Amino acid sequence: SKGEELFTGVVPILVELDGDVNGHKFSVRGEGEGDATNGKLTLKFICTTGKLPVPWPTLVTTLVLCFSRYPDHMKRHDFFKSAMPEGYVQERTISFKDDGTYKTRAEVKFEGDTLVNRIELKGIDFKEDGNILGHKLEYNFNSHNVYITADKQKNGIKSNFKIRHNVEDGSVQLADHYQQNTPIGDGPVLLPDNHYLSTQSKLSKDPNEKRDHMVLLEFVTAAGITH
């Protein structure tokens with residue numbers, strides 16, 4: 001694909017989220033860089049409206065899978081890069097078991113030389129005592145495989161998966177993701193055979209930063225295709 005050539009090296013990233021959870025309005029802004037050659041992603045996020053009303057880990061999936069390393073033999077199954085530079089829409093429903101639901105719509109696309117992920121998030125039916133509004137989740141993010149399938153009808157891809165968030169008390173908060181991606185342009189895109197992305201993520205803090213923030217290191221690498 002032509003989009004793919006855009007990802008030949010380190011690409012600078014902008015992320016912008018406008019959120020509303022149970023009425024609590026907040027905004028997140030993130031900056032950094034991605035490298036699809038090595039499947040590597042480094043981002044620093046700041047809650048620009050003050051304290052974040054939800055826990056940072058819950059926003060990880062929402063806050064650029066075009067930066068997944070697709071191995072050479074899988075290059076033809078890389079929807080995400082193929083939709084660039086005009087980009088793609090990534091919509092999700094995230095149901096937190098026994099708790100509220102995020103609904104998200106994002107556009108991931110190049111603006112100038114910068115890959116931008118611009119997100120609207122609405123959160124509803126959250127329990128004030130729950131693990132989310134109650135900030136009961138550990139500051140981390142498990143390794144995880146997410147399965148990608150083609151959606152020929154929508155000319156894109158879809159994915160269902162469960163994210164397991166560790167709770168303080170040693171239990172697990174499940175977050176059921178239903179995901180759909182569709183091209184923003186009307187050019188041709190790569191529709192993949194079934195495969196999955198292998199994710200590892202490291203959450204940390206900038207010791208110099210006073211604002212409520214997350215430093216995120218991510219590796220994502222496609223797999224599951226025979227040869």
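Could I have the simple spin-label model distance between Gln200 and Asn160, label points 7 Å from Cα toward Cβ, reported in nm to one decimal?
The answer from the label model is 3.0 nm.
Over the alpha-carbon set of the chain, work out the extent along each principal axis and list the three values in angstrom, largest first.
Computed over the chain, the largest-to-smallest principal extents equal 47, 35, 29 Å.
How much length is gained on full extension from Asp98 to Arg118, taking 0.36 nm per residue of separation minus their Cα-Cα distance? If you can, show how the numbers build up before the last one.
Values: separation 20, 0.36 × 20 = 7.20 nm, distance 2.83 nm.
Extra length available between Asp98 and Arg118 comes to 4.4 nm.
Hey, which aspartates and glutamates would be in cross-link range of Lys154, C-alpha to C-alpha under 17 Å, not counting anything within fewer than 8 residues on its own chain?
Those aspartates and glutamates meeting the cut-off are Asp78, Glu86, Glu91, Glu107, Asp186, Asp193.
Suppose every K and R has +1 on its Cβ and every D and E has -1 on its Cβ; what is the size of the dipole of the chain about the Cα centre, in Debye to the nearest 20?
Values: 28 positive and 32 negative charges, 40 e Å.
I would put it at about 200 debye.
How much net charge surrounds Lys122 when only other residues with a Cβ under 10 Å from its Cβ are counted (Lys, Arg +1; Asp, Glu -1)? Spell out each step's value before the answer.
Details: positive: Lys103, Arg105; negative: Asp18, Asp20, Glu120.
With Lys, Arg at +1 and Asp, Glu at -1, the neighbours total -1.
Test of understanding: what is the full-extension gain from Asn145 to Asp193, defined as 0.36 nm times their sequence separation minus their Cα-Cα distance? Each step should come with its number before you reach the end.
On the way: separation 48, 0.36 × 48 = 17.28 nm, distance 1.60 nm.
Stretched fully, the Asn145-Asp193 segment lengthens by 15.7 nm.
Can you pick out the pairs among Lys81/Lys210; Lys40/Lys158; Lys2/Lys205; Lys2/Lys51; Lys40/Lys162; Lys51/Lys103 whose Cα atoms lie more than 31 Å from each other? Can you show the working numbers first?
On the way: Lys81/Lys210 35 Å; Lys40/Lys158 23 Å; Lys2/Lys205 36 Å; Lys2/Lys51 41 Å; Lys40/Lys162 22 Å; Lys51/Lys103 21 Å.
Cα-Cα > 31 Å for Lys81/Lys210; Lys2/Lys205; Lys2/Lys51; rest within.
Residues with amide H under 5 Å of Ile132's amide H, sequence separation 5 or more or different chain, H placed in the peptide plane at 1.01 Å from N; which?
Here nothing satisfies the definition.
Might you report the magnitude of the Cβ-based charge dipole of segment 99-227 about its Cα centre, with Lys and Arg at +1 and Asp and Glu at -1, to the nearest 20 debye? Mind showing how you got there, number by number?
Numbers: 16 positive and 19 negative charges, 47 e Å.
Its charge dipole is roughly 220 debye.
Applying the Karplus parametrisation 6.51 cos²θ - 1.76 cosθ + 1.60 with θ = phi - 60° to the phi angles of segment 181-189, what ³J(HN,Hα) value in whole Hz is obtained for each residue in order, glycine and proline being reported as x?
After applying 6.51 cos²θ - 1.76 cosθ + 1.60, I find 10, 9, x, 7, x, 10, x, x, 10 Hz.
Using +1 at the C-beta of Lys and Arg and -1 at the C-beta of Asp and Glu, which of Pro12, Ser143, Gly50 has the Cα lying farthest in the positive direction of the dipole of the chain?
Positive-end residue among those listed: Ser143.
Every number here is computed from the coordinates shown, using simple stated rules; none is lab data. We place every Cβ from the backbone using ideal geometry, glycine too, and count neighbours over all the protein chains shown.
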